[PDB]
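*Asks:* Below are the structure tokens for one structure; questions will follow.
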Amino acid sequence: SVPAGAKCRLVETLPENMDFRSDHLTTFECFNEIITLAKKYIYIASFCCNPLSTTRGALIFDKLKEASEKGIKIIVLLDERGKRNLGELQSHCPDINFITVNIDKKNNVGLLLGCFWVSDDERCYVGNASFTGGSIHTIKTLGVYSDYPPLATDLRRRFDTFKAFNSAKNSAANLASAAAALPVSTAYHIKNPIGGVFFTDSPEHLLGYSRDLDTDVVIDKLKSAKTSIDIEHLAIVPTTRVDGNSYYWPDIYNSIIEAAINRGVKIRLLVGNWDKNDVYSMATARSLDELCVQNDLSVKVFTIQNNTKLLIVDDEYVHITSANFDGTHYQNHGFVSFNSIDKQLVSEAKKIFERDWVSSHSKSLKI
Ligand SMILES: O=C(NN1C(=O)[C@@H]2[C@@H]3C=C[C@@H]([C@H]4C[C@@H]34)[C@@H]2C1=O)c1ccc(C(F)(F)F)cc1
């Protein structure tokens with residue numbers, strides 16, 4: 001028999017200067033458990049890589065340095081745009097194998113956002129706490145940890161597809177025949193979850209034929225929302241700016257409005273503050289302002305460094321990820337998202353969203 005929730009528990013970062021309190025596992029505690037219980041390997045992936053920026057980040061890096069010195073294979077995948085701190089990292093840990101990744105060499109837009117850990121094919125973390133000293137200590141984050149081996153192995157297979165896009169000689173990032181020979185597999189998806197948990201992936205050109213696109217899964221859950229939509233992402237402005245041009249993409253932005261106007265879903269949105277100089281953010285703000293007064297919508301903003309990417313639907317489905325609901329992310333970027341329908345796991349997620357919705361850092365949207 002399989003366990004309910006796949007042995008999953010919540011993990012997050014609550015800085016001391018912030019009023020967030022919870023009994024769940026902390027991000028700093030989580031990484032020590034992974035490194036201490038590690039016996040075979042430790043695979044880590046994120047965009048930036050800068051652990052020494054805080055005290056708690058430097059302690060995990062020292063525990064990982066000790067791990068690489070005892071015979072544990074340590075491989076760290078970072079996007080080639082976080083290559084500044086590379087010489088600093090290898091200078092402190094020579095035994096850790098750092099690898100620069102460029103998943104999109106066709107247009108150089110897709111970035112590596114896959115923010116997760118995996119060790120011994122038994123334990124694993126996933127969330128929005130990137131391998132930075134801030135995301136462990138000073139930046140509020142949110143993730144999930146599970147010591148269920150079958151779940152960690154299906155997350156290891158996500159790591160295998162990403163490692164192939166290394167910038168060294170002929171590989172999946174250089175050759176097209178070596179990129180087509182990738183066993184891009186997945187053990188569980190929306191049509192066959194494990195213990196009520198499954199993974200969704202991104203972008204579309206890295207799914208193969210078995211994996212699920214996170215874009216289609218999120219929109220389907222938003223269009224199938226009957227009661228409540230609770231989102232805590234950085235921003236949901238349908239327009240992003242790639243290079244010196246703007247990219248309009250309102251797929252997630254419209255499916256939410258379709259819920260609050262046609263279906264009358266009580267929707268609460270907790271996004272970060274925006275720039276007054278950005279006409280795209282201001283026009284998006286003045287639009288949402290007219291809906292909280294007309295339909296059952298509510299919007300609050302925050303100014304703190306927060307990477308949280310949470311989506312709760314009808315107290316029946318929870319979606320934690322590292323990418324933000326926008327066009328640039330769900331079209332080119334590569335990451336892995338957490339999906340679970342376990343009522344007890346979604347309940348603990350609703351417990352967190354309510355906490356942040358009433359926190360002092362969440363002031364009401366004023367225009
Ligand atoms: O979302 C609406 N408009 N809107 C966009 O289409 C975006 C584009 C244009 C302006 C900004 C950004 C540059 C991108 C965004 C924005 O606010 C909107 C939704 C519902 C209503 C109604 F109130 F009738 F319910 C009216 C309008």
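Every chain in the structure tokens takes a letter, A first, then B, and so on in the order presented; its residues are numbered from 1, and the ligands are numbered from 1 following the presented order.
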Let me have all residues with an atom within 10 Å of ligand 1, counting only C-alpha atoms and all ligand atoms, laid out as a ChimeraX atom specification.

*Replies:* /A:237-240,246-250,253-254,257-258,260-261,278-291,294-295

*Asks:* Hey, what does DSSP flag as strand (DSSP E) within segment 68-267 of chain A? Can you give it to me as a PDB file with N, CA and C atoms, in the first residue's frame?

*Replies:*
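Result written to selection_38.pdb:
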```pdb
ATOM      1  N   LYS A  73      28.808  12.035  -4.134  1.00  0.00           N
ATOM      2  CA  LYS A  73      28.846  12.757  -5.399  1.00  0.00           C
ATOM      3  C   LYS A  73      27.908  13.956  -5.329  1.00  0.00           C
ATOM      4  N   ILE A  74      28.469  15.155  -5.453  1.00  0.00           N
ATOM      5  CA  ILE A  74      27.712  16.397  -5.357  1.00  0.00           C
ATOM      6  C   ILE A  74      27.765  17.087  -6.711  1.00  0.00           C
ATOM      7  N   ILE A  75      26.606  17.230  -7.348  1.00  0.00           N
ATOM      8  CA  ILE A  75      26.482  17.911  -8.631  1.00  0.00           C
ATOM      9  C   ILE A  75      25.496  19.059  -8.469  1.00  0.00           C
ATOM     10  N   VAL A  76      25.904  20.250  -8.899  1.00  0.00           N
ATOM     11  CA  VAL A  76      25.114  21.466  -8.746  1.00  0.00           C
ATOM     12  C   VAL A  76      24.851  22.041 -10.130  1.00  0.00           C
ATOM     13  N   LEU A  77      23.575  22.165 -10.487  1.00  0.00           N
ATOM     14  CA  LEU A  77      23.163  22.712 -11.773  1.00  0.00           C
ATOM     15  C   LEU A  77      22.670  24.140 -11.580  1.00  0.00           C
ATOM     16  N   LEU A  78      23.322  25.087 -12.248  1.00  0.00           N
ATOM     17  CA  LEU A  78      22.901  26.478 -12.242  1.00  0.00           C
ATOM     18  C   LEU A  78      22.817  26.979 -13.675  1.00  0.00           C
ATOM     19  N   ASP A  79      21.903  27.917 -13.908  1.00  0.00           N
ATOM     20  CA  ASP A  79      21.799  28.525 -15.226  1.00  0.00           C
ATOM     21  C   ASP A  79      23.073  29.296 -15.541  1.00  0.00           C
ATOM     22  N   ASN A  97      30.974  19.084  -8.033  1.00  0.00           N
ATOM     23  CA  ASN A  97      30.962  19.280  -9.478  1.00  0.00           C
ATOM     24  C   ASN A  97      29.877  20.291  -9.829  1.00  0.00           C
ATOM     25  N   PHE A  98      30.291  21.505 -10.180  1.00  0.00           N
ATOM     26  CA  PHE A  98      29.368  22.537 -10.631  1.00  0.00           C
ATOM     27  C   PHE A  98      29.259  22.501 -12.149  1.00  0.00           C
ATOM     28  N   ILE A  99      28.036  22.661 -12.652  1.00  0.00           N
ATOM     29  CA  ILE A  99      27.749  22.559 -14.079  1.00  0.00           C
ATOM     30  C   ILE A  99      26.869  23.729 -14.494  1.00  0.00           C
ATOM     31  N   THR A 100      27.287  24.443 -15.538  1.00  0.00           N
ATOM     32  CA  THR A 100      26.478  25.499 -16.130  1.00  0.00           C
ATOM     33  C   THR A 100      25.537  24.905 -17.170  1.00  0.00           C
ATOM     34  N   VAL A 101      24.283  25.347 -17.143  1.00  0.00           N
ATOM     35  CA  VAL A 101      23.233  24.793 -17.986  1.00  0.00           C
ATOM     36  C   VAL A 101      22.630  25.910 -18.825  1.00  0.00           C
ATOM     37  N   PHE A 116      14.960  22.588  -6.741  1.00  0.00           N
ATOM     38  CA  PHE A 116      14.657  21.366  -6.006  1.00  0.00           C
ATOM     39  C   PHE A 116      15.954  20.660  -5.639  1.00  0.00           C
ATOM     40  N   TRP A 117      15.842  19.723  -4.700  1.00  0.00           N
ATOM     41  CA  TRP A 117      16.924  18.828  -4.321  1.00  0.00           C
ATOM     42  C   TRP A 117      16.465  17.384  -4.486  1.00  0.00           C
ATOM     43  N   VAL A 118      17.436  16.470  -4.528  1.00  0.00           N
ATOM     44  CA  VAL A 118      17.156  15.037  -4.556  1.00  0.00           C
ATOM     45  C   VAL A 118      18.400  14.284  -4.096  1.00  0.00           C
ATOM     46  N   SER A 119      18.215  13.300  -3.218  1.00  0.00           N
ATOM     47  CA  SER A 119      19.339  12.589  -2.622  1.00  0.00           C
ATOM     48  C   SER A 119      18.963  11.136  -2.379  1.00  0.00           C
ATOM     49  N   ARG A 123      15.064  10.865  -0.400  1.00  0.00           N
ATOM     50  CA  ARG A 123      14.639  12.155   0.116  1.00  0.00           C
ATOM     51  C   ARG A 123      14.792  13.216  -0.965  1.00  0.00           C
ATOM     52  N   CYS A 124      14.022  14.293  -0.826  1.00  0.00           N
ATOM     53  CA  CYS A 124      14.009  15.351  -1.827  1.00  0.00           C
ATOM     54  C   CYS A 124      13.280  16.568  -1.275  1.00  0.00           C
ATOM     55  N   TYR A 125      13.701  17.743  -1.737  1.00  0.00           N
ATOM     56  CA  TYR A 125      13.007  18.995  -1.488  1.00  0.00           C
ATOM     57  C   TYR A 125      12.658  19.640  -2.822  1.00  0.00           C
ATOM     58  N   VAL A 126      11.549  20.374  -2.842  1.00  0.00           N
ATOM     59  CA  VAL A 126      11.169  21.173  -4.003  1.00  0.00           C
ATOM     60  C   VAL A 126      10.422  22.402  -3.507  1.00  0.00           C
ATOM     61  N   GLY A 127      10.636  23.526  -4.184  1.00  0.00           N
ATOM     62  CA  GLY A 127      10.001  24.768  -3.772  1.00  0.00           C
ATOM     63  C   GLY A 127      10.576  25.956  -4.515  1.00  0.00           C
ATOM     64  N   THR A 141      10.432  31.970   1.709  1.00  0.00           N
ATOM     65  CA  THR A 141      10.206  30.974   0.669  1.00  0.00           C
ATOM     66  C   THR A 141       9.101  30.011   1.087  1.00  0.00           C
ATOM     67  N   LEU A 142       8.909  28.952   0.301  1.00  0.00           N
ATOM     68  CA  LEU A 142       7.904  27.933   0.578  1.00  0.00           C
ATOM     69  C   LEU A 142       8.171  26.693  -0.265  1.00  0.00           C
ATOM     70  N   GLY A 143       8.167  25.524   0.363  1.00  0.00           N
ATOM     71  CA  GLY A 143       8.423  24.294  -0.350  1.00  0.00           C
ATOM     72  C   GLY A 143       7.854  23.097   0.380  1.00  0.00           C
ATOM     73  N   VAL A 144       8.183  21.914  -0.135  1.00  0.00           N
ATOM     74  CA  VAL A 144       7.711  20.649   0.417  1.00  0.00           C
ATOM     75  C   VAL A 144       8.885  19.681   0.491  1.00  0.00           C
ATOM     76  N   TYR A 145       8.930  18.890   1.560  1.00  0.00           N
ATOM     77  CA  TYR A 145       9.920  17.836   1.727  1.00  0.00           C
ATOM     78  C   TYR A 145       9.216  16.498   1.911  1.00  0.00           C
ATOM     79  N   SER A 146       9.844  15.435   1.405  1.00  0.00           N
ATOM     80  CA  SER A 146       9.267  14.100   1.499  1.00  0.00           C
ATOM     81  C   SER A 146      10.381  13.066   1.459  1.00  0.00           C
ATOM     82  N   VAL A 197       0.077  12.906  -5.260  1.00  0.00           N
ATOM     83  CA  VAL A 197       1.094  13.891  -5.620  1.00  0.00           C
ATOM     84  C   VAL A 197       1.631  13.550  -7.004  1.00  0.00           C
ATOM     85  N   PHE A 198       1.855  14.577  -7.824  1.00  0.00           N
ATOM     86  CA  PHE A 198       2.470  14.376  -9.129  1.00  0.00           C
ATOM     87  C   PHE A 198       3.232  15.633  -9.526  1.00  0.00           C
ATOM     88  N   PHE A 199       4.099  15.483 -10.525  1.00  0.00           N
ATOM     89  CA  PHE A 199       4.947  16.565 -11.006  1.00  0.00           C
ATOM     90  C   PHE A 199       4.474  17.059 -12.366  1.00  0.00           C
ATOM     91  N   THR A 200       4.532  18.373 -12.554  1.00  0.00           N
ATOM     92  CA  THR A 200       4.353  19.000 -13.853  1.00  0.00           C
ATOM     93  C   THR A 200       5.642  19.715 -14.232  1.00  0.00           C
ATOM     94  N   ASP A 201       5.918  19.772 -15.531  1.00  0.00           N
ATOM     95  CA  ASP A 201       7.211  20.227 -16.018  1.00  0.00           C
ATOM     96  C   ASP A 201       7.027  21.353 -17.029  1.00  0.00           C
ATOM     97  N   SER A 202       8.157  21.863 -17.514  1.00  0.00           N
ATOM     98  CA  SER A 202       8.234  23.028 -18.385  1.00  0.00           C
ATOM     99  C   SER A 202       9.663  23.149 -18.904  1.00  0.00           C
ATOM    100  N   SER A 228     -13.103  28.677  -4.612  1.00  0.00           N
ATOM    101  CA  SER A 228     -12.067  29.614  -4.198  1.00  0.00           C
ATOM    102  C   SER A 228     -10.811  29.440  -5.037  1.00  0.00           C
ATOM    103  N   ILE A 229     -10.184  30.564  -5.372  1.00  0.00           N
ATOM    104  CA  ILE A 229      -8.869  30.595  -6.000  1.00  0.00           C
ATOM    105  C   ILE A 229      -7.971  31.463  -5.132  1.00  0.00           C
ATOM    106  N   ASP A 230      -6.902  30.872  -4.609  1.00  0.00           N
ATOM    107  CA  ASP A 230      -5.966  31.565  -3.730  1.00  0.00           C
ATOM    108  C   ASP A 230      -4.576  31.466  -4.343  1.00  0.00           C
ATOM    109  N   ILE A 231      -4.024  32.603  -4.758  1.00  0.00           N
ATOM    110  CA  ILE A 231      -2.732  32.654  -5.431  1.00  0.00           C
ATOM    111  C   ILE A 231      -1.816  33.593  -4.661  1.00  0.00           C
ATOM    112  N   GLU A 232      -0.588  33.141  -4.410  1.00  0.00           N
ATOM    113  CA  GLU A 232       0.470  33.968  -3.828  1.00  0.00           C
ATOM    114  C   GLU A 232       1.692  33.834  -4.733  1.00  0.00           C
ATOM    115  N   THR A 239       1.739  40.923 -19.075  1.00  0.00           N
ATOM    116  CA  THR A 239       2.753  41.437 -19.985  1.00  0.00           C
ATOM    117  C   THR A 239       4.108  41.413 -19.294  1.00  0.00           C
ATOM    118  N   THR A 240       5.062  40.715 -19.897  1.00  0.00           N
ATOM    119  CA  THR A 240       6.449  40.718 -19.464  1.00  0.00           C
ATOM    120  C   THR A 240       7.302  41.430 -20.507  1.00  0.00           C
ATOM    121  N   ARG A 241       8.547  41.714 -20.136  1.00  0.00           N
ATOM    122  CA  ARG A 241       9.476  42.432 -21.006  1.00  0.00           C
ATOM    123  C   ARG A 241      10.714  41.567 -21.221  1.00  0.00           C
ATOM    124  N   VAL A 242      10.812  40.962 -22.402  1.00  0.00           N
ATOM    125  CA  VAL A 242      11.974  40.175 -22.795  1.00  0.00           C
ATOM    126  C   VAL A 242      12.862  41.039 -23.678  1.00  0.00           C
ATOM    127  N   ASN A 245      11.884  44.488 -25.583  1.00  0.00           N
ATOM    128  CA  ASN A 245      10.540  44.427 -26.136  1.00  0.00           C
ATOM    129  C   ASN A 245       9.597  43.799 -25.118  1.00  0.00           C
ATOM    130  N   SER A 246       8.305  44.030 -25.321  1.00  0.00           N
ATOM    131  CA  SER A 246       7.272  43.559 -24.411  1.00  0.00           C
ATOM    132  C   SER A 246       6.567  42.344 -24.997  1.00  0.00           C
ATOM    133  N   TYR A 247       6.188  41.414 -24.123  1.00  0.00           N
ATOM    134  CA  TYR A 247       5.591  40.142 -24.518  1.00  0.00           C
ATOM    135  C   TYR A 247       4.244  39.997 -23.819  1.00  0.00           C
ATOM    136  N   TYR A 248       3.168  40.039 -24.599  1.00  0.00           N
ATOM    137  CA  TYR A 248       1.812  39.959 -24.072  1.00  0.00           C
ATOM    138  C   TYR A 248       1.355  38.505 -24.036  1.00  0.00           C
ATOM    139  N   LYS A 266     -14.736  33.229  -5.491  1.00  0.00           N
ATOM    140  CA  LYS A 266     -14.080  34.125  -4.544  1.00  0.00           C
ATOM    141  C   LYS A 266     -12.573  33.956  -4.678  1.00  0.00           C
ATOM    142  N   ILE A 267     -11.913  34.948  -5.267  1.00  0.00           N
ATOM    143  CA  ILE A 267     -10.495  34.868  -5.594  1.00  0.00           C
ATOM    144  C   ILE A 267      -9.742  35.888  -4.753  1.00  0.00           C
TER     145      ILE A 267
END
```

*Asks:* What does the distance from atom CA of residue 132 of chain A to atom CA of residue 169 of chain A come to in Å, to one decimal?

*Replies:* 28.3 Å

*Asks:* So that I can see what lies close to residue 320 of chain A, please list as JSON, numbers by chain the residues with an atom at most 6 Å from it, counting only C-alpha atoms and leaving out residues fewer than 5 positions away in the same chain.

*Replies:* {"A": [309, 310, 338]}

*Asks:* Find the spatial neighbours of segment 13-26 of chain A, counting only C-alpha atoms, within a cut-off of 6 Å - ignore same-chain residues fewer than 3 positions away - and output them as a PyMOL selection string.

*Replies:* chain A and resi 10+29+138+140-141

*Asks:* Can you write just those residues out, N, CA and C atoms, as a PDB file, in the first residue's frame?

*Replies:*
```pdb
ATOM      1  N   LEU A  10       5.370  20.417   4.817  1.00  0.00           N
ATOM      2  CA  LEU A  10       5.641  21.755   4.312  1.00  0.00           C
ATOM      3  C   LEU A  10       6.970  22.288   4.832  1.00  0.00           C
ATOM      4  N   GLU A  29      16.551  23.887   8.286  1.00  0.00           N
ATOM      5  CA  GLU A  29      16.514  22.553   8.878  1.00  0.00           C
ATOM      6  C   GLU A  29      16.410  21.478   7.806  1.00  0.00           C
ATOM      7  N   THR A 138      17.069  35.152   4.610  1.00  0.00           N
ATOM      8  CA  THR A 138      16.439  36.466   4.601  1.00  0.00           C
ATOM      9  C   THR A 138      15.250  36.590   3.659  1.00  0.00           C
ATOM     10  N   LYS A 140      11.759  35.171   2.266  1.00  0.00           N
ATOM     11  CA  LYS A 140      10.696  34.224   2.570  1.00  0.00           C
ATOM     12  C   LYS A 140      10.504  33.265   1.403  1.00  0.00           C
ATOM     13  N   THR A 141      10.432  31.970   1.709  1.00  0.00           N
ATOM     14  CA  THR A 141      10.206  30.974   0.669  1.00  0.00           C
ATOM     15  C   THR A 141       9.101  30.011   1.087  1.00  0.00           C
TER      16      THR A 141
END
```

*Asks:* Considering only helix (DSSP H, G or I) as DSSP defines it on the backbone, what residues of segment 81-218 of chain A qualify? List them as a ChimeraX atom specification.

*Replies:* /A:81-82,86-92,133-138,149-163,204-206,214-218

*Asks:* Keeping only N, CA, C and O atoms, take the residues you just selected and write them out as a compact mmCIF listing (two decimals), in the first residue's frame.

*Replies:*
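Produced file out29.txt, reproduced below:
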```
# COMPACT_ATOMS: atom_id res chain seq x y z
N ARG A 81 23.60 31.99 -16.67
CA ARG A 81 23.53 33.40 -16.34
C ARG A 81 23.80 33.67 -14.86
O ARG A 81 23.85 34.84 -14.46
N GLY A 82 23.98 32.63 -14.06
CA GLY A 82 24.41 32.79 -12.68
C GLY A 82 25.86 32.39 -12.53
O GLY A 82 26.29 31.94 -11.46
N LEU A 86 30.69 31.50 -9.93
CA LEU A 86 31.20 30.16 -10.20
C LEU A 86 32.61 29.99 -9.67
O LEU A 86 32.91 29.00 -8.99
N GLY A 87 33.50 30.94 -9.97
CA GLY A 87 34.86 30.85 -9.46
C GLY A 87 34.92 30.90 -7.95
O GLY A 87 35.81 30.30 -7.34
N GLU A 88 33.98 31.61 -7.32
CA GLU A 88 33.92 31.65 -5.86
C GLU A 88 33.48 30.31 -5.29
O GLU A 88 33.98 29.88 -4.25
N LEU A 89 32.54 29.63 -5.97
CA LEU A 89 32.04 28.35 -5.47
C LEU A 89 33.12 27.27 -5.55
O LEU A 89 33.39 26.59 -4.56
N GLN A 90 33.73 27.10 -6.73
CA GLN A 90 34.75 26.07 -6.89
C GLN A 90 35.96 26.34 -6.00
O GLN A 90 36.68 25.40 -5.64
N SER A 91 36.20 27.60 -5.64
CA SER A 91 37.32 27.91 -4.76
C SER A 91 37.10 27.38 -3.36
O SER A 91 38.07 27.08 -2.65
N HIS A 92 35.84 27.25 -2.93
CA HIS A 92 35.54 26.76 -1.59
C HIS A 92 35.28 25.26 -1.56
O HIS A 92 35.61 24.61 -0.56
N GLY A 133 21.94 32.31 -0.28
CA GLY A 133 21.90 32.59 1.14
C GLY A 133 20.65 33.35 1.56
O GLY A 133 20.18 33.21 2.69
N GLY A 134 20.10 34.16 0.65
CA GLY A 134 18.88 34.89 0.96
C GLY A 134 17.67 33.99 1.08
O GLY A 134 16.86 34.14 2.00
N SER A 135 17.53 33.03 0.15
CA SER A 135 16.37 32.15 0.16
C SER A 135 16.38 31.15 1.31
O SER A 135 15.40 30.41 1.47
N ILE A 136 17.45 31.10 2.10
CA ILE A 136 17.53 30.20 3.24
C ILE A 136 17.34 31.00 4.52
O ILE A 136 16.85 30.48 5.53
N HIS A 137 17.70 32.28 4.48
CA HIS A 137 17.82 33.08 5.69
C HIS A 137 16.95 34.33 5.66
O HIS A 137 16.17 34.56 6.58
N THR A 138 17.07 35.15 4.61
CA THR A 138 16.44 36.47 4.60
C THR A 138 15.25 36.59 3.66
O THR A 138 14.42 37.48 3.87
N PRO A 149 10.72 7.33 -1.21
CA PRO A 149 11.66 7.02 -2.30
C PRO A 149 11.02 7.09 -3.68
O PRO A 149 11.60 7.71 -4.58
N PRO A 150 9.84 6.48 -3.90
CA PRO A 150 9.28 6.54 -5.26
C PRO A 150 9.02 7.95 -5.76
O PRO A 150 9.06 8.18 -6.97
N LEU A 151 8.76 8.90 -4.86
CA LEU A 151 8.55 10.27 -5.29
C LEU A 151 9.87 10.96 -5.62
O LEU A 151 9.97 11.68 -6.62
N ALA A 152 10.90 10.73 -4.80
CA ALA A 152 12.19 11.36 -5.03
C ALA A 152 12.83 10.87 -6.33
O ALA A 152 13.53 11.63 -7.00
N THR A 153 12.60 9.61 -6.69
CA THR A 153 13.18 9.08 -7.92
C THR A 153 12.54 9.72 -9.15
O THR A 153 13.23 10.01 -10.13
N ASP A 154 11.22 9.94 -9.11
CA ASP A 154 10.56 10.64 -10.21
C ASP A 154 11.01 12.09 -10.30
O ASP A 154 10.91 12.69 -11.38
N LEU A 155 11.49 12.67 -9.20
CA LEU A 155 12.10 13.99 -9.26
C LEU A 155 13.54 13.92 -9.73
O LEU A 155 14.03 14.86 -10.37
N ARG A 156 14.23 12.81 -9.44
CA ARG A 156 15.57 12.61 -9.98
C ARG A 156 15.55 12.55 -11.50
O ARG A 156 16.50 13.01 -12.16
N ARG A 157 14.49 11.99 -12.09
CA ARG A 157 14.40 11.93 -13.54
C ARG A 157 14.25 13.31 -14.16
O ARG A 157 14.67 13.53 -15.30
N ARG A 158 13.65 14.25 -13.43
CA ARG A 158 13.65 15.64 -13.89
C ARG A 158 15.06 16.20 -13.91
O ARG A 158 15.44 16.94 -14.83
N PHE A 159 15.87 15.84 -12.90
CA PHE A 159 17.26 16.29 -12.85
C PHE A 159 18.08 15.71 -14.00
O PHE A 159 19.00 16.36 -14.49
N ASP A 160 17.75 14.49 -14.43
CA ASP A 160 18.51 13.86 -15.50
C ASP A 160 18.34 14.61 -16.82
O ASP A 160 19.31 14.81 -17.56
N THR A 161 17.11 15.03 -17.13
CA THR A 161 16.87 15.75 -18.37
C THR A 161 17.57 17.10 -18.38
O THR A 161 18.03 17.56 -19.43
N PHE A 162 17.69 17.74 -17.21
CA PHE A 162 18.30 19.06 -17.15
C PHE A 162 19.83 18.99 -17.24
O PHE A 162 20.45 19.86 -17.85
N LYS A 163 20.43 17.97 -16.63
CA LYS A 163 21.89 17.84 -16.68
C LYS A 163 22.39 17.68 -18.11
O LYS A 163 23.51 18.10 -18.42
N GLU A 204 7.63 23.44 -23.03
CA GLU A 204 6.97 22.42 -23.83
C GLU A 204 7.96 21.59 -24.63
O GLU A 204 7.73 20.39 -24.84
N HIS A 205 9.06 22.19 -25.08
CA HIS A 205 10.05 21.46 -25.88
C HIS A 205 10.94 20.55 -25.04
O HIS A 205 11.89 19.99 -25.58
N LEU A 206 10.65 20.40 -23.75
CA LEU A 206 11.41 19.51 -22.87
C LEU A 206 10.52 18.52 -22.14
O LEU A 206 10.90 18.01 -21.08
N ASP A 214 3.17 22.15 -17.35
CA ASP A 214 2.63 22.90 -16.22
C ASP A 214 1.68 23.99 -16.68
O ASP A 214 0.78 24.39 -15.93
N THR A 215 1.85 24.49 -17.91
CA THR A 215 0.96 25.51 -18.44
C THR A 215 -0.47 24.99 -18.55
O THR A 215 -1.42 25.62 -18.08
N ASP A 216 -0.64 23.82 -19.17
CA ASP A 216 -1.98 23.28 -19.37
C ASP A 216 -2.61 22.82 -18.06
O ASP A 216 -3.83 22.89 -17.91
N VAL A 217 -1.80 22.35 -17.11
CA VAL A 217 -2.35 21.83 -15.87
C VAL A 217 -2.90 22.96 -15.00
O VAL A 217 -3.97 22.84 -14.40
N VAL A 218 -2.18 24.08 -14.94
CA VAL A 218 -2.61 25.19 -14.09
C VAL A 218 -3.87 25.84 -14.66
O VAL A 218 -4.81 26.14 -13.92
```

*Asks:* Between atom CA of residue 329 of chain A and atom CA of residue 269 of chain A, what is the distance in Å, rounded to a tenth?

*Replies:* 18.6 Å

*Asks:* Would you kindly return, as a ChimeraX atom specification, each protein, DNA or RNA residue with an atom no farther than 9 Å from any atom of residue 344 of chain A, considering only C-alpha atoms and excluding same-chain residues fewer than 4 positions away?

*Replies:* /A:4-5,348-349

*Asks:* Can you work out the spacing between atom CA of residue 69 of chain A and atom CA of residue 166 of chain A in Å, to one decimal?

*Replies:* 24.3 Å

*Asks:* Between A:339, A:332, A:255, A:68, which has the minimum distance to residue 219 of chain A (counting only C-alpha atoms)?

*Replies:*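 Between A:339, A:332, A:255, A:68, the residue approaching residue 219 of chain A most closely is A:255.
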
*Asks:* With distances taken over only C-alpha atoms, which of A:324, A:340, A:364, A:347 is nearest to residue 6 of chain A?

*Replies:* A:340
